[PDB]
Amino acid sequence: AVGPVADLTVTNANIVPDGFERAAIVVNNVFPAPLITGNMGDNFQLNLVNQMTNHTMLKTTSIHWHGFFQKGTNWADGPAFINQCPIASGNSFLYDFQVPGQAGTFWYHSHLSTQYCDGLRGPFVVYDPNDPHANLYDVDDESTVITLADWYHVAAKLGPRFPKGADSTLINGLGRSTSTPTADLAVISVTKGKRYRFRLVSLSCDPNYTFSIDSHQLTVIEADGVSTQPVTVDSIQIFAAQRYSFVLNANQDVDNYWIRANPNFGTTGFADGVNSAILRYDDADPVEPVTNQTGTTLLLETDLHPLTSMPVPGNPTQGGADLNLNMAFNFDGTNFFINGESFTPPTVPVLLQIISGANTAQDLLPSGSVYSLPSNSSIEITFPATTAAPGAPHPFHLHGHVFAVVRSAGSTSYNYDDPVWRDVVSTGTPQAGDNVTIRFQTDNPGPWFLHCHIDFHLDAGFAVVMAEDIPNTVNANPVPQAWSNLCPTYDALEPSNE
C-alpha cells in the first residue's frame, strides 16, 4: 500500500490479468492500481506523475478519489471538465486534500472519458483507529481488500460504444475468460478460527456482480464508506463503484472454497472457473475448490441502516425537501439525456467557469445540465426508471456527498427514519416501477458531478452537475497555482496529445 503521501506514476504497459495480453494503463506498474491507505482525518498528498504515451487510451488524465467529500478542496475532486482540466503527459499534479470525518472503503479512478476502463482504477481504504466495529474481526489489512473489475480484450475507444459484456471478471486483478480457462485465479488466504473484515470494492466500468463465498456467511458492516448495523447474508449484489465491508468467520473446514462474482451480463455462471477466485485456508492443498453454492439470502438495500443515527433531511413526505428535483432519463440511440439535456464536457471546467464569474445555473456550460442548489437546505432527487433509458439498472453516483436512500430499487416504501446513507445507488428498472429517491443536505459549496457510474453511459452524456451554493464556491475552495496552470497547459496541447 502507499499513502497518505505518495507519488502515483501512470504509464502504459502490456498486461495479462486473465492470461490474454493487452496494452493498458497501469499505476506504479500494476493493475489494479495500488491500494492507497491512510487514517481518518489524514492529509493525502497524492502526486500524480503522468508518463502515458498511448494516444488511443488518452495521454492526459485526471483522478477522482471516489467517495471523499473534498470539502474546501473541490478543485481536487477529479472529474475532467467539471473540477479541473486534464494533466498532460510529462507533467505532474498534486492532489492535496483531507478526509475529516470519513473512514471506510473507497477507490480511485481516472475521471476522463472511459479511461478508467483501460486500467486506471484501484482501491483506497481509510482506517479508523477507534473503529466501532473493530471487535467483530481479527484481521483487516491489504490482504483483506477484494476488488472486482470487468476486463475487456479490446480497449475502450476501440470496441463498441456500449459493450455487450466484459471478457472476464477479475478478482484482485486475476480471472479467466472463456478463451483462457486455465489462467491463474486469485487466492485469498485465511486461517481457521480467525475473523476477517473483507473490503469488497467494485472497480466496475459497467456490470454489477452477485458476490458470494461457498459455505461462508457474510456479515455486512459497511456500505460505500458508511458503517452499518450488521446484517448477515449469503450473497451481495454490488453495483458499479459501490463498496461493502463484510465480516467472514473462517470457521469451516480447512479447504478451498469458491469466491463467486457473477456479472449481470456478459459471460455468466462459473464454467471452468470464470467469474471466480479461491478462498484458501492455511494448510489446504494448493488446488481449485470443488465446493457448491448453498446460499439463499441476498442482501436487500432496505436492510442496510447506519450504525450511528443519521436523520433524513426534510419532511417525511414525497417532495418534502426544500428543493425537489426529478431526473427524467432519455436516450436517442447514441446519447443519454437527463431532463432533455446530454452531458458533453465543456471546454472550460465548471469550477473555472464559476471562478471566472458565472453565477447562475444558466450561465454555466453545458447548456441545461447544471443545477443550482441553495445552501443549508434539504434536497430530494428522484431517478424514476424508464424504458426510455436502456441499460437499466443504472447506478447513480453523487460527488461531494453521501445521501439517504429513502426509496430503494425493488421496494415501494419510503423510509424517513433510518435509511442507508451511501454514494452510489441502483436506480432499478421500469418493469418494477422503481422510483429511487435520495435526500441530502447542502453543506459543501462546489460543483459536484451526478451521473450514472456505468462509464460508457457517462461518456455518452448520462450526467448533470449540482452547482452547490454558487455564491460561495470560490470562497470555500481556494485553488493552488498548479491547478490554475492546468487549463492553459492542456489547451496548448496538440489534439494528438490529449
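Heads up: residue numbers just count along the shown sequence, starting at 1.
Colleague: I need to verify one thing: averaged over C-alpha atoms only, is the B-factor higher for 371 to 379 or for 288 to 296?
Modeller: Taking the mean C-alpha B-factor of 371 to 379 and of 288 to 296, the larger value falls to 288 to 296.
Colleague: Between 352 to 360 and 212 to 220, which has the higher average C-alpha B-factor in the PDB entry?
Modeller: Mean C-alpha B-factor is greater for 352 to 360.
Colleague: By the CA temperature factor listed in this entry, which of these ranks top: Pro207, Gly319, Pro395, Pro123?
Modeller: Of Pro207, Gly319, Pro395, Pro123, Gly319 has the highest C-alpha B-factor.
Colleague: From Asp423, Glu341, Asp77, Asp131, pick the one with the largest CA B-factor in the entry?
Modeller: Among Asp423, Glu341, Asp77, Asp131, the highest C-alpha B-factor in the entry belongs to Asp131.
Colleague: Looking at the entry's B-factor column for C-alpha atoms only, identify whether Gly175 ranks in the lowest, middle or highest third of its chain.
Modeller: For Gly175, whose C-alpha B-factor we compare with every modelled residue in the chain, the answer is the middle third.
Colleague: Ordered by C-alpha B-factor within the chain, which third holds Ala156? Give me lowest, middle or highest, please.
Modeller: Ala156: CA B-factor falls in the middle third of its chain.
Colleague: What third of its chain's C-alpha B-factors does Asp138 belong to: lowest, middle or highest?
Modeller: Its C-alpha B-factor belongs to the highest third of this chain's values.
Colleague: Can you tell me whether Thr147 has a C-alpha B-factor in the lowest, middle or highest third compared with the other modelled residues of the same chain?
Modeller: For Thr147, whose C-alpha B-factor we compare with every modelled residue in the chain, the answer is the lowest third.
Colleague: Using the temperature factors of the C-alpha atoms in this entry, rank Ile454 within its chain: lowest, middle or highest third.
Modeller: Lowest third of the chain for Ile454's C-alpha B-factor.
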